[PDB]
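Residue numbers (PDB author numbering), protein chains in the order written: chain H, 65 to 161; chain D, 66 to 159; chain F, 1 to 64; chain J, 1 to 64; chain K, 146 to 204, 209 to 443, 449 to 489, 510 to 522; chain E, 23 to 152; chain I, 23 to 152; chain C, 23 to 186, 192 to 421; chain G, 43 to 395. Note that CB positions come from ideal geometry on N, CA and C, so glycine has one too. Taking it in order: structure first as structure tokens, then the write-up.
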Amino acid sequence: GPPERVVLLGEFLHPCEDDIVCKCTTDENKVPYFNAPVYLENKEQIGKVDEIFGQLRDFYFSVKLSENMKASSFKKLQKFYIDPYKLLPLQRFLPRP
Amino acid sequence: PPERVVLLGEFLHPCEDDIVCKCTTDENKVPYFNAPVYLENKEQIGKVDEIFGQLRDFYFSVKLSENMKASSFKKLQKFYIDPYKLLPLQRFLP
Amino acid sequence: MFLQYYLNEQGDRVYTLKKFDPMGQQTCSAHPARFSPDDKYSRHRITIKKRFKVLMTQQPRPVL
Amino acid sequence: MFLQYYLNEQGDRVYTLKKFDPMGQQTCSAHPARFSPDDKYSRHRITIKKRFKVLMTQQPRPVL
Amino acid sequence: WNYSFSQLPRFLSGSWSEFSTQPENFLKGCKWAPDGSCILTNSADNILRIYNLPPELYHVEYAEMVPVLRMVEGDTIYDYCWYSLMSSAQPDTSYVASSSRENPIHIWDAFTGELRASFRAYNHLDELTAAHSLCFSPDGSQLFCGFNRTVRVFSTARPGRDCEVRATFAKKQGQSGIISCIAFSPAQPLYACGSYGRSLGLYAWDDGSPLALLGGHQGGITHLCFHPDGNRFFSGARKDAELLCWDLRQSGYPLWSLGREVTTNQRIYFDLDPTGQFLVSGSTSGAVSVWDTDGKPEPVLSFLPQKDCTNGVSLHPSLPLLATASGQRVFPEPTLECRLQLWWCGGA
Amino acid sequence: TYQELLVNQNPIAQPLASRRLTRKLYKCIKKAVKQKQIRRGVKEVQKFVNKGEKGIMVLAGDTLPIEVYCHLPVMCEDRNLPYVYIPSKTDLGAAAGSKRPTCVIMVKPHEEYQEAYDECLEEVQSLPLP
Amino acid sequence: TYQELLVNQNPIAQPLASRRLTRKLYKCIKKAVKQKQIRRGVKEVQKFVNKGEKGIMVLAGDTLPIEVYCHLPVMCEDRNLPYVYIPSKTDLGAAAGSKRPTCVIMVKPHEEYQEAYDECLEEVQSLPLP
Amino acid sequence: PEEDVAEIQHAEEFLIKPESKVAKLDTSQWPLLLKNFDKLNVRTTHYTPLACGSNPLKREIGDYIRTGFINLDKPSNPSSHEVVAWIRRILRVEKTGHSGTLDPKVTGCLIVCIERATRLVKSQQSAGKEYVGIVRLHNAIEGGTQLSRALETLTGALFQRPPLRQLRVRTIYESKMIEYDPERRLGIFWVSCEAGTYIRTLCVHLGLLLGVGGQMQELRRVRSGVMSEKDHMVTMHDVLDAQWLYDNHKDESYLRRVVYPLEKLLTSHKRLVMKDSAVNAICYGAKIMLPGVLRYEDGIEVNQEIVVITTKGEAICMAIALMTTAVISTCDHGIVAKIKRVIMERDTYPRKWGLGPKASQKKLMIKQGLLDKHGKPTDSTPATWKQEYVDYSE
Amino acid sequence: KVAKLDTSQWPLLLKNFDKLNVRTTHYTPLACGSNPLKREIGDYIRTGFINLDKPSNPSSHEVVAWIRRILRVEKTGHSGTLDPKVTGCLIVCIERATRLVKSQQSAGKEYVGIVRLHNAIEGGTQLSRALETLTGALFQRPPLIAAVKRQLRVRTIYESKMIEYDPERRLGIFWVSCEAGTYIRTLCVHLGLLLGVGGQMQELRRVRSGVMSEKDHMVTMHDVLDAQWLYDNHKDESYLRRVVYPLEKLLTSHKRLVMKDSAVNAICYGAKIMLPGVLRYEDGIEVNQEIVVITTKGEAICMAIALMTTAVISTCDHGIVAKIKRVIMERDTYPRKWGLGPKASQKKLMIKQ
RNA sequence: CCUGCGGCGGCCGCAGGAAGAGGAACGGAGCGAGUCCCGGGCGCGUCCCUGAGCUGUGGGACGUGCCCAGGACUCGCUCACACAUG
């Protein structure tokens with residue numbers, strides 16, 4: 065079933081081989097699980113998170129589009145949203161304090 | 066009306082609507098701010114606004130009365146104040 | 001601002017009111033550049049300052 | 001394989017895709033020759049490497 | 146109109162001037178669009194070119214053909230094909246598949262000429278492997294492609310990374326080597342695979358289950374064709390003289406053998422009539438030859459489009475035209511320019 | 023004077039427009055200001071570079087301290103916007119219309135002068151990498 | 023061209039064929055390939071020296087790194103086979119009807135070209151030892 | 023010849039050989055408070071080091087910032103309070119302070135003390151300073167000779183009113204006129220100041236004494252105590268860039284270029300080196316007594332302010348010397364100094380007071396009742412102890 | 043002829059020995075050591091390492107196994123796994139040198155690779171800028187998807203550079219300085235994503251492992267085999283001595299502590315590094331820093347963790363200077379001479395007396 | 001009585017102390033085992049192959065013999081229990 069609520073995840077950058085690259089915008093620089101679903105503002109699943117790549121503060125991700133979705137659909141700086149329980153804090157990737 | 070007066074100092078060159086004056090007060094005592102200043106005739110020229118210079122030979126300036134003009138005053142002219150406003154220098158020194 | 005400077009041979013600031021040192025080359029503005037707390041452009045400055053070998057790490061270290 | 005190289009005047013490696021270096025020489029493959037632990041031609045290699053003064057021992061000693 | 150070789154085909158203008166831009170260029174073959182609108186040509190400079198039917202045919210010395218698009222690949226193209234169901238009536242269908250060395254299977258739109266989609270295939274080490282052959286299913290729903298001991302099936306509706314894998318060599322038994330070409334039967338669920346390991350295999354479209362595996366050419370098989378008869382199909386190879394005919398009824402052995410000169414490691418294309426009657430083949434000698442398949451196929455004609463290898467031929471699906479492509483690799487000795515051309519093969 | 027102007031250049035001021043190209047850029051700026059197509063100053067320039075606007079960004083190599091415009095040339099490269107340095111602050115200011123100096127402007131295309139704008143665009147894009 | 027190829031040589035490159043002997047060797051290789059009487063590549067040449075097949079062995083003088091083929095001259099000198107270096111591997115590939123290069127070819131004797139073959143053998147053994 | 027040299031290296035034998043000569047160090051280029059560390063007068067060498075602290079430069083980047091300060095060049099718009107608030111937010115530290123308040127338009131040297139270094143802020147604020155500023159005369163004058171005469175006349179202990192007030196006294200040590208432009212009447216002066224001197228007031232007094240009247244056009248602080256603009260000075264952009272580089276690349280280097288440890292400020296002061304066992308006692312507030320001392324400098328004088336340091340070169344506290352250097356060398360017992368400002372955090376060094384011979388004897392005698400429960404003598408006290416032991420609390 | 047040299051020309055860990063700080067200049071030299079270059083050949087190979095140019099076909103594990111069969115030794119370890127097709131610089135540590143392998147595996151790398159882009163881009167500058175974006179501490183996942191789920195982790199790239207771009211073939215040569223454990227295949231994949239065209243790693247070579255680079259002292263597997271052959275057949279050490287270097291060459295960067303001759307075997311048995319044993323010590327010894335403890339002849343005794351700084355060593359007169367991290371030397375290389383000092387003799391006597 | 005921290009240049013509150021400053025073997029090393037996060041590659045040898053397919057500095061077929069993820073953390077066995085001799 066669809067999630068209860070969703071939080072801002074990323075802006076739309078260029079497509080890449082029937083797969084879309086997004087700049088990640090999360091408030092505490094929280095980082096998604098792999099294969100976490102990605103939604104529109106409509107809470108409507110466009111795909112899943114495939115790759116995470118970037119500098120740890122300032123990083124990108126890639127989305128494997130859904131069965132019926134298609135990379136031409138999207139527009140620059142379009143926002144995508146994710147179930148908040150799928151995010152991880154940036155602290156978790158920093159070493160043992 | 067003034068009770069009694071003693072010396073403040075001696076004339077120096079004027080400033081923007083103001084007179085800058087060399088204080089020669091006995092044992093180098095220091096005036097109050099806003100202290101009315103009188104002539105030898107005991108007529109008030111104005112009041113002290115700035116105190117400056119190094120401690121022993123220090124200077125001061127006067128905000129003149131509307132009746133007076135800085136052009137009137139003269140070299141080696143002396144100015145006066147009631148001694149009950151003068152402050153001992155050792156309040157500042159240590 | 002009006003305060004300008006040229007360095008000595010000894011390596012320290014000589015302030016002057018002129019736009020050129022006595023040998024004709026431009027005096028620098030004495031004051032630092034304007035800052036605001038919300039610069040997100042630190043990356044850009046670090047990149048360029050690396051490329052031309054002027055990042056502060058690249059200078060030889062001070063005497064301690 | 002694609003990586004070629006030639007030497008700089010320091011003796012450092014400059015990596016290229018070009019089969020010729022800018023001064024006209026051929027570039028060398030970056031990768032060493034294929035090896036087998038069952039290789040039996042050690043004698044032959046030592047023999048002509050000595051013959052042409054290019055055995056490793058005949059090179060000047062490395063400073064340590 | 147019809148196809149009938151009572152006489153030598155008549156020259157209509159081709160393209161020669163382009164290919165000279167690269168020294169020692171040659172054409173790797175040509176294919177008509179499945180509606181007949183245009184012709185696609187590969188070349189040794191790895192640029193897929195495309196020419197329309199010159200309206201001078203409808204509207209004397211023609212103008213030299215110039216292509217409308219140039220789809221540049223970065224490395225050597227192994228295979229390329231038109232979308233199986235392309236039409237001029239429907240704009241979105243008109244696209245070209247392409248496969249190149251260590252690149253994915255690029256899809257190019259045939260009107261605009263941009264890169265439109267990519268299919269990516271990976272080995273067990275998550276490394277990209279290139280496809281040596283391509284084929285669109287006769288219903289248009291799938292894109293079959295060939296690999297070393299493997300056929301992978303992509304779905305045209307979901308371009309990306311997802312494919313069924315169909316092993317053709319299993320615990321050292323089956324069809325070995327690089328699967329070089331794929332074809333489908335007009336009637337039946339069969340599809341047929343040729344290999345550089347000189348062998349054929351028949352498989353079930355829905356399963357991928359082997360139906361037969363057939364005798365060898367004396368060289369690696371490089372092309373296939375099914376007749377408009379679902380019953381009968383043809384095959385050729387590299388550095389073989391013989392071009393073989395097969396039948397699904399009484400299978401197990403090539404019914405006839407046909408002679409052509411192939412002395413290079415080249416895909417020398419051959420093609421049938423859209424009605425199936427004639428079989429036309431190129432050759433390394435340059436001589437294009439024709440057989441009548443309406449018993450053994452009966453020789454009809456040989457002619458020489460140019461004094462160099464004819465490596466690609468194609469027959470227009472509606473209209474009498476023949477197209478030929480030319481060139482071969484020039485070998486040195488340590489110290510003759512190639513072209514696409516068109517021909518009329520109808521009556522006077 | 024150009025030889026003397028090369029004395030004043032700051033450490034990061036490359037690629038530096040050659041003398042002919044410097045005069046060409048002054049002329050192009052003087053044409054563009056008349057159509058009100060220039061931006062000027064780091065604040066305006068960076069605001070419209072964020073907004074999405076394009077052009078040729080011309081930079082004064084005289085600028086000290088460098089920190090003011092340092093973020094600009096990478097910000098160009100992120101947007102693929104061309105940029106070039108020229109040997110003075112005062113002449114850049116004069117061409118922009120400012121009687122006081124200026125350290126950055128952005129010359130934008132318009133139909134009147136676009137022949138010269140394309141001269142500048144191609145010559146600047148064909149400058150050597152430092 | 024022989025001089026330019028001369029620049030490319032290995033340290034072990036001696037004895038190096040004369041320019042005319044180089045042409046003779048190329049044409050002999052051409053004739054032998056037409057007769058299907060060469061072995062080429064280190065793998066084949068090494069194997070068929072092991073099996074004891076006679077011939078002239080022609081080596082590319084520009085092969086780096088040398089350690090791919092440098093064992094071969096001693097393999098010849100053990101058996102007293104003749105051997106010679108030639109200026110380039112690309113020419114050695116070309117003479118064998120190949121567009122790719124190769125670094126060693128062994129030319130076996132056969133009837134048709136044997137007069138030229140015996141001439142090549144005669145000169146190759148005439149070559150000075152380094 | 024490296025061919026020759028390398029054949030020698032493999033051929034012939036190398037050894038570090040015995041000698042009878044004296045080993046004399048060279049510590050002249052050890053960092054900060056460890057400079058000329060061998061030239062200190064030595065009391066003893068017998069102690070146990072604890073390996074708990076660090077050399078100030080080589081602190082971990084967390085502790086490096088918390089003990090650190092920045093020699094900042096203040097930008098011209100904000101106030102000093104707002105500047106230190108920015109620096110607090112950039113470095114993500116909890117507390118910050120500065121060496122003196124530059125009113126917003128003024129730029130120059132601002133010693134921004136971070137966290138535990140803020141214990142030094144009072145001593146930095148009291149330090150003598152230097153300024154460069156512009157005086158804008160409202161009327162013309164005979165020339166720069168007169169402005170220089172005015173500056174000479176004001177070079178002294180001075181009366182000053184703050185800008186709008193009470194009268195205050197600040198001394199100006201030395202003044203020179205850098206240059207004067209008769210066209211705009213802008214003159215630039217340099218003055219060395221007692222802390223808290225008002226330069227606006229000085230400019231007004233220069234105007235008054237000349238009679239033309241004048242103001243301060245703009246001002247720059249070129250020196251704040253020990254740090255100068257020549258001396259390791261950093262901009263706000265450097266601070267922000269340093270923290271960003273550290274966050275994104277994990278590169279400590281550029282922060283270590285911008286932030287210095289607080290021990291750099293103390294470098295002028297005389298040193299007094301303590302046993303590691305003494306350190307935490309002094310951090311807790313103990314007296315600085317002679318058994319703790321290992322080293323001490325020349326020219327230590329009574330009531331002089333000294334920096335009390337560990338053997339790793341850290342600063343424990345600022346202190347007031349009670350014994351002269353000669354007295355420290357000769358005496359058997361006593362208090363050598365008393366705390367003025369504890370700099371080091373408590374429990375950086377561990378808790379090792381009351382474990383020594385004399386103190387353990389006293390501690391035992393309390394349990395034996397030979398001293399009162401409060402530690403001072405009784406009739407039960409032996410005559411030897413009651414004679415020999417001098418309680419510093421009397 | 044040794045007296046002709048500067049101390050800067052002295053080999054390995056004795057280089058610039060006189061610029062160390064001097065605690066004392068007196069000890070009694072024992073006879074039973076050698077300079078690491080002059081070790082007898084068996085001992086030399088047991089302490090040594092090879093700076094290897096790894097071939098293209100085998101895995102690094104296979105390579106080290108072949109080395110330990112070529113040299114007849116029973117233990118080997120390598121600087122860091124190079125994937126089978128990857129060539130370049132692989133430090134191979136032999137026998138006792140295996141004690142340093144964790145230090146080697148932590149050390150920084152440099153790589154030269156080639157990235158193949160799956161579609162055209164504007165030119166080399168795009169690729170260079172995309173390389174700049176991927177410098178710093180980066181998110182990466184190991185390079186196989188076939189295993190269902192793999193953990194994300196952070197790896198740091200210190201520098202990057204683009205050396206060539208070939209627009210015809212869409213091949214670009216990149217040079218990367220990075221920390222160990224960084225996946226370059228994954229870097230090429232992300233670089234392709236960041237350009238938007240796609241990408242693969244075409245080819246890779248490691249040009250540096252820690253302190254050893256491909257520039258100098260690097261040898262081929264052929265050199266290892268041929269050196270062992272020459273030693274076996276002609277009894278000639280010379281060509282092996284150039285193939286294999288002493289492990290002290292790896293430790294050159296570390297800070298040094300020079301011990302009295304009596305202390306050496308005590309340390310080898312597991313004693314802590316006491317201050318009366320110390321002869322010389324280097325500027326910049328810090329608390330908890332990893333340092334090397336050497337003999338007067340230059341032999342590395344152990345890797346030690348410093349419990350004193352340089353100044354603390356200057357001030358004190360006894361106590362623990364350092365504790366052992368890892369002992370390199372073998373027991374009884376030097377004789378037992380502990381328990382004979384003044385204070386220890388006093389303690390012995392008074393326990394008995 | 002001393003220090004530290006907060007609040008309006010002294011005072012008030014709260015918190016930490018009451019400190020004479022110990023310890024010239026502390027509590028180690030080396031080796032091995034256990035607990036938590038082989039189907040193939042490679043090497044060699046009965047024949048092909050300058051493929052437009054990587055490729056002759058090597059690719060394939062058929063045979064045939066060497067290689068197998070790192071890091072945390074605990075302790076059994078051997079040797080010492082070491083202040084390093086003017």
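In its own chain, which residues sit with a C-beta less than 7 Å from the C-beta of K/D422, not counting the 5 before and 5 after it? Here residue 422 of chain K is taken as the residue at index 273 of the fifth sequence, counted from 1. Within the same chain, K/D422 has close Cβ partners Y148, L469.
Under 9 Å by beta carbon: chain J residues contacting C/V27: Position 5 of the eighth sequence, counting from 1, holds the residue named residue 27 of chain C. Among the residues of chain J, those whose CB is under 9 Å from the CB of C/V27 are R61, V63, following chain order.
The beta strand (DSSP E) spanning K/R307 covers which residue range? Sequence index remark: in the fifth sequence, residue 307 of chain K carries index 158 (1-based). Taken as a continuous stretch (DSSP letters only), K/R307 belongs to no beta strand (DSSP E), as it is neither H nor E.
Which residues in the same chain have their Cβ closer than 8 Å to the Cβ of D/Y145, if we skip the five residues on either side of it in sequence? Start at 1 with the first residue of the second sequence, and residue 145 of chain D comes out as number 80. So the list reads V70, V71, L72, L73, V102, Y103, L104, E105, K107, once near-sequence residues are dropped.
What are the residues in the region 45–62 of chain G lying within 7 Å of chain C by C-beta distance? Residues passing the 7 Å Cβ filter: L47, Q51, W52, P53, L56, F59.
On the three-state DSSP scale, how would you describe I/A82? Counted from its first residue, the seventh sequence places residue 82 of chain I at position 60. DSSP places I/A82 within a strand segment (E or B) once states are collapsed to three.
Inspect the CB distances between the region 335–355 of chain G and the region 377–386 of chain G and report whether three or more fall short of 8 Å. Short answer: they don't touch.
In three-state terms, what does DSSP make of E/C92? Residue mapping note: residue 92 of chain E aligns to position 70 of the sixth sequence, counting from 1. Here E/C92 sits in helix by DSSP.
Determine the direct distance from the alpha carbon of H/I110 to that of K/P308, and round the result to whole angstroms. Taking the fifth sequence and counting its residues from 1, the one referred to as residue 308 of chain K is at position 159. Taking the first sequence and counting its residues from 1, the one referred to as residue 110 of chain H is at position 46. Whole-angstrom Cα-Cα distance: 15 Å.
Could you say if the region 38–53 of chain F and the region 95–107 of chain C meet the contact criterion of at least three C-beta pairs nearer than 8 Å? Not touching, per the Cβ criterion.
What distance in whole Å lies between the Cβ atoms of K/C519 and K/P474, which are believed to be in contact at a cut-off of 8 Å? As a working mapping, residue 474 of chain K is identified with position 320 in the fifth sequence. As a working mapping, residue 519 of chain K is identified with position 345 in the fifth sequence. Between K/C519 and K/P474 the Cβ distance is about 5 Å, and since that is below 8 Å, they are a contact.
Pick out the complete alpha helix (DSSP H) segments inside the region 173–211 of chain G, 4 residues or longer, and give them in chain order. With a minimum length of 4 residues, there is no unbroken run of alpha helix (DSSP H) contained wholly in the region 173–211 of chain G.
At a Cβ threshold of 7 Å, is D/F76 touching chain C? On the second sequence, position 11 is the one that residue 76 of chain D refers to. No Cβ of chain C is located within less than 7 Å of the beta carbon of D/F76.
Thinking E/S110 and E/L28 are a contact (beta carbons under 8 Å), I'd like their distance in whole angstroms, please. Here the question's residue 110 of chain E lines up with position 88 in the sixth sequence. Here the question's residue 28 of chain E lines up with position 6 in the sixth sequence. Cβ atoms of E/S110 and E/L28 stay farther apart than 8 Å, at about 10 Å.
Indicate whether at least one CB of chain K lies closer than 7 Å to the CB of G/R373. In the ninth sequence, counting from the first residue as 1, residue 373 of chain G sits at position 331. G/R373 is outside the set of residues whose beta carbon lies under 7 Å from a beta carbon in chain K.
Using 8 Å as the cut-off, can you tell me whether the region 166–174 of chain C makes contact with the region 269–285 of chain C, which would need three or more C-beta pairs spanning the two stretches below that distance? These segments do not touch.
Start and end residues, alpha helix (DSSP H) containing K/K176: Within the fifth sequence, numbered from 1, the residue matching residue 176 of chain K stands at position 31. Per DSSP, K/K176 lies in no alpha helix (DSSP H); the unbroken beta strand (DSSP E) holding it starts and ends at 172–177.
Quick one: what does DSSP say G/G381 is sitting in, helix, strand or coil? By one-based count along the ninth sequence, residue 381 of chain G stands at place 339. G/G381: coil per DSSP, three-state reduction.
Roughly how many angstroms lie between the CA atoms of G/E290 and G/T49, to the nearest whole one? The sequence position of residue 290 of chain G within the ninth sequence is 248, counting from 1. The sequence position of residue 49 of chain G within the ninth sequence is 7, counting from 1. Straight-line Cα distance between these residues: approximately 17 Å.
Spatial distance of K/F156 from I/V90 (CA atoms): For this step, residue 156 of chain K is matched to residue 11 along the fifth sequence. For this step, residue 90 of chain I is matched to residue 68 along the seventh sequence. In this structure, the alpha-carbon of K/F156 lies about 54 Å from that of I/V90.
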